[PDB]
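So basically every Cβ, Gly included, is an ideal-geometry build from the backbone, and we count neighbours across all protein chains shown. Each answer follows from the model by the rule given with it, or from the source it names; no laboratory read-out is quoted.
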Amino acid sequence: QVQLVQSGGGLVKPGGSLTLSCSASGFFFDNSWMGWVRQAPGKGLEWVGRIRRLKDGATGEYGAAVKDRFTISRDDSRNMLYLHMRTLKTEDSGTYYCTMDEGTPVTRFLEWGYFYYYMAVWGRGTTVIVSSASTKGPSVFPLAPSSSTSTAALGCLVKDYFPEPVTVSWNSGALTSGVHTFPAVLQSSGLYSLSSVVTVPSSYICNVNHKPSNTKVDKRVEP
Amino acid sequence: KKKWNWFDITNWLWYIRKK
Amino acid sequence: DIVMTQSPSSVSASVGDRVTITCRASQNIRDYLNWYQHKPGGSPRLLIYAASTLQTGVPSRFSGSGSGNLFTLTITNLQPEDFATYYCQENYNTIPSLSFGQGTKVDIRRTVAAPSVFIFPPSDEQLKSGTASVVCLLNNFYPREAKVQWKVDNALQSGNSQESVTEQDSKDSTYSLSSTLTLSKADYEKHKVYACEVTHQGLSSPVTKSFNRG
């Protein structure tokens, strides 16, 4: 079957440049139109652009939000698809998918020359975050139990870290029943923050791991 | 080496229709 | 050039039900419409093109209909693997826009469950850092609609909190929500009572949880 592996992306400050790559195998890459689609955090899909075959001129067409800033290119000899991103802005952050596109000719005579067009095969996606923030490990604060009772609830506040992700376990993975680790939120400071809570009977250590800064913190939550 | 796909059809139908 | 508006933005269903998603185009686009499926942490998947032509490998449960400016995706006999987000996409313009609809999320339906509410004062460790964060936890509720309001000495807070919600629980299908009020240490030490007020359909009346600083 068709296989698409993506690479590139990562962290870049606004105004910087970045190149995404997509290597294809399992189909006739040279005979395919390809493209890119992105999704910002908390938003829906947005088409970025497409590129035709080399015999079609290798013409790149782009969505309005990225036109004159992004360019697509292809290397048929290596089955590589590229997305060149320059003058990046914060609103360009998100997950970028490379797509193998396909068309179907319209047969109604009045529309001969037109085609249905769709993204037939999607890559796994590559993350792009446009931010000025530097690597920073998270501050881990306890959410102590208190008359947080019903069954009591405790947790830990993992605050002010960049970039994502953060991993959180309780009692070195022993405690998993009743655990809720919330998705991270981007604070107005440009740093991320999340909480991890757990409900336990009234009658405790959270293990925070932030690989980007290689930070390991173990916090006892004492009422 | 020769490449045929949907776009070759549509350009063929376009060429016919417009000429 | 073309705006696609999907409705509803969210819908709850049980296995075996018929769910219908509507897509409206800002102009007549004939049958140049695609439908996609997207699961969290997954890659989007093509279901339908040309408004009603099923992609190879797609179960016949999915069917697309409509033309002009009004389109529908119907899922008959909903299955567990069909809980996901769905997007329509126009492919009408010769100069492509390929606009997506905003998406429709299909959730699991279950009985109403009122939240259990908890509040956590700032830790002494954090206060020494010059900042204070108050956390209000809404645990294991359904449906997702809920209102959380913060009051500091009865003064309603506006624009200084952030909410985060989990995905529907795999075991009980509930949601959990955290609201984090962030204030300077000075503002925190200047006031006394901190309260979060929770309104939810499973609550006969709004619930208030609060603590006195110290």
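Taking the numbered list (1) within 27 Å of C:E163 (Cβ to Cβ); (2) at the interface with chain A (Cβ under 8 Å from one of its Cβ atoms) in turn, C:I108 passes all entries but (2). Listed by first and then second residue, the pairs linking a residue in region C:35-50 that is facing chain A (nearest Cβ under 9 Å) and closer than 13 Å to C:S65 by Cα to a residue that is assigned to a loop (DSSP other than H, G, I, E, B) and of a type in the set (D, E, K, R), with Cβ atoms under 8 Å apart and 6 or more places separating them unless they lie on different chains, are C:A50/C:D31. Inside region A:213-223, can you point out the residues that are of a type in the set (K, R) and within 14 Å of another protein chain (Cβ to nearest Cβ)? Result: A:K219, A:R220. Residue count for region C:1-49, restricted to those that are among the β-branched types (V, I, T), surrounded by 19 or more Cβ atoms within 10 Å (Cβ to Cβ) and closer than 12 Å to C:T85 by Cα: 1. Name every residue in region A:177-212 that is more than 10 Å from chain C (Cβ to nearest Cβ), over 16 Å from C:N139 (Cβ atoms) and not in a strand (DSSP E or B), in order of residue number. Across region A:177-212, the qualifying residues are A:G190, A:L191, A:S203, A:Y204, A:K211, A:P212.
Checking A:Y96, A:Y116 one by one, the residue that is assigned by CATH to the domain that holds A:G35, of a type outside the set (A, V, I, L, M, F, W, C), touching an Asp or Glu at 6+ places or on another chain (Cβ under 9 Å) and over 30 Å from C:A132 (Cα atoms) is A:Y116 and no other.
Determine, yes or no, whether A:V140 is on the phi < 0 side of the Ramachandran plot and surrounded by fewer than 20 Cβ atoms within 10 Å (Cβ to Cβ). No, not satisfied. Listed by first and then second residue, the pairs linking a residue in region C:184-211 that is assigned by CATH to the domain that holds C:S123 and basic (K, R) to a residue that is part of a strand (DSSP E or B) and surrounded by 12 or more Cβ atoms within 10 Å (Cβ to Cβ), with Cβ atoms under 7 Å apart and 6 or more places separating them unless they lie on different chains, are C:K185/C:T131; C:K185/C:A132; C:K209/C:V117; C:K209/C:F118; C:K209/C:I119; C:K209/C:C136; C:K209/C:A195; C:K209/C:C196.
Restricting attention to region C:87-100, the residues that are buried (at least 23 other Cβ atoms within 10 Å of the Cβ) and either more than 7 Å from chain A (Cβ to nearest Cβ) or closer than 30 Å to C:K171 by Cβ (or both) total 5. Here C:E167 meets the list (1) of a type in the set (D, E); (2) in contact with a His (Cβ under 6 Å, 6 or more places away or on another chain); (3) facing chain A (nearest Cβ under 10 Å) almost entirely, failing just condition (2). Scanning region C:144-196 for residues that are assigned to a loop (DSSP other than H, G, I, E, B), in contact with a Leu (Cβ under 9 Å, 6 or more places away or on another chain) and of a type in the set (G, A, S) gives a single hit, C:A146. May I ask you to verify whether A:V48 is aliphatic (A, V, I, L, M), surrounded by 14 or more Cβ atoms within 10 Å (Cβ to Cβ) and under 20 Å from the mean Cα position of the chain (by Cα)? For A:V48, the condition - aliphatic (A, V, I, L, M), surrounded by 14 or more Cβ atoms within 10 Å (Cβ to Cβ) and under 20 Å from the mean Cα position of the chain (by Cα) - is met.
Which ones in region A:1-10 are in a strand (DSSP E or B), touching a strand residue (DSSP E or B) at 6+ places or on another chain (Cβ under 6 Å) and either surrounded by fewer than 18 Cβ atoms within 10 Å (Cβ to Cβ) or among the hydroxyl-bearing types (S, T, Y) (or both)? The answer is A:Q3, A:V5, A:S7, A:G8. Inside region A:11-41, can you point out the residues that are of a type in the set (S, T, N, Q), surrounded by fewer than 18 Cβ atoms within 10 Å (Cβ to Cβ) and part of a loop (DSSP other than H, G, I, E, B)? A:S17 - this is the single residue of region A:11-41 that is of a type in the set (S, T, N, Q), surrounded by fewer than 18 Cβ atoms within 10 Å (Cβ to Cβ) and part of a loop (DSSP other than H, G, I, E, B).
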